[PDB]
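One chain is shown next in structure tokens, namely the form deposited in one PDB entry.
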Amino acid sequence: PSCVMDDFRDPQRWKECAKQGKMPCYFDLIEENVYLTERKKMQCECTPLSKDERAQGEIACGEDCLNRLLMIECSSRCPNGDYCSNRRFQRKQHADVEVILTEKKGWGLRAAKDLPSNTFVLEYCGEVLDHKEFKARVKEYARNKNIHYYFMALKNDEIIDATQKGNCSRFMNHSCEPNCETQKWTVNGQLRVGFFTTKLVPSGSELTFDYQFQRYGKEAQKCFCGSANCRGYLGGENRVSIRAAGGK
């Protein structure tokens, strides 16, 4: 079974598909991170493209854009205005990906077209927790006997939790030999995490990243990535404390 990202926009139809096993379980689809506690909180120097350069296919704020080079997105005030290609997170310029049911990892993501190297896939959106809120969620999810975990360290005191609210990025599985990576980008002075391919991903291939998982649980989940260099377990050999996993 597989589904497209537009299938997640209709909660009633999705909930019915989920009951038949044709879609993953329902969660709250969000367009950007939601902070449980709000925290205290830049033009590039690109020369604007002329209309002829735009017509000829020149890229606005491409590889030489100072903001892009520092993993900062441009705002609406960019010298290239509407044409700026460095607003991918804000404009939801996602890769063409489908959500698929895997043999033993749960649901996952696959490329629906060939994806060039260094292509933005999706932003890892969720609820952003502080350390107190994180520990509360650790206990809740352990009490609920959850199998899948969706915590991602954003900063030392910001953990993204995509368990209850997020987007289809929450389906990207771990691989010990991955084809994607996280990148931390600044958008409106705030940090976000996106997934980007690290190589050409052929159409139909599962998209994976290396979680570098910090396991606090007593038991480690076996890794089913299938790589010749598989580490055997999500989290590797060592168990860490809850405090260490949460970034101190």
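In case it trips you up, residue 1 is the first one in the sequence shown, and so on. Here the rigid core means the biggest group of C-alpha atoms that line up within 1.5 Å when the two forms are laid on top of each other.
As for the form deposited in another entry, it is not shown, yet the points below apply to it.
A.B. asks: Out of 213, 185, 196, 209, I need the residue that shifts by 2 angstroms or more at the Cα between the shown form and the other one, core superposed.
C.D. replies: The displaced C-alpha is that of 213.
A.B. asks: At a 2 Å cut-off on C-alpha positions, does residue 91 qualify as shifted between the shown form and the other one after fitting the rigid core?
C.D. replies: No: residue 91 shifts by under 2 Å between the shown form and the other one.
A.B. asks: After the core is overlaid between the shown form and the other one, has the C-alpha of residue 138 moved by 2 angstroms or more?
C.D. replies: Yes.
A.B. asks: Return yes or no for residue 124: a CA shift of at least 2 Å between the shown form and the other one, with the rigid core superposed?
C.D. replies: It does not, since the residue 124 C-alpha is displaced less than 2 Å between the shown form and the other one after the core fit.
A.B. asks: Where do residue 206 and residue 148 end up in the other form, Cα atoms closer or farther than shown, with a change of 3 Å or more?
C.D. replies: Between the C-alphas of residue 148 and residue 206, the gap widens in the other form (3 Å or more compared with this form).
A.B. asks: Since the CA distance of residue 148 and residue 99 differs by 3 Å or more in the other form, is it closer or farther than in the form displayed?
C.D. replies: Result: farther.
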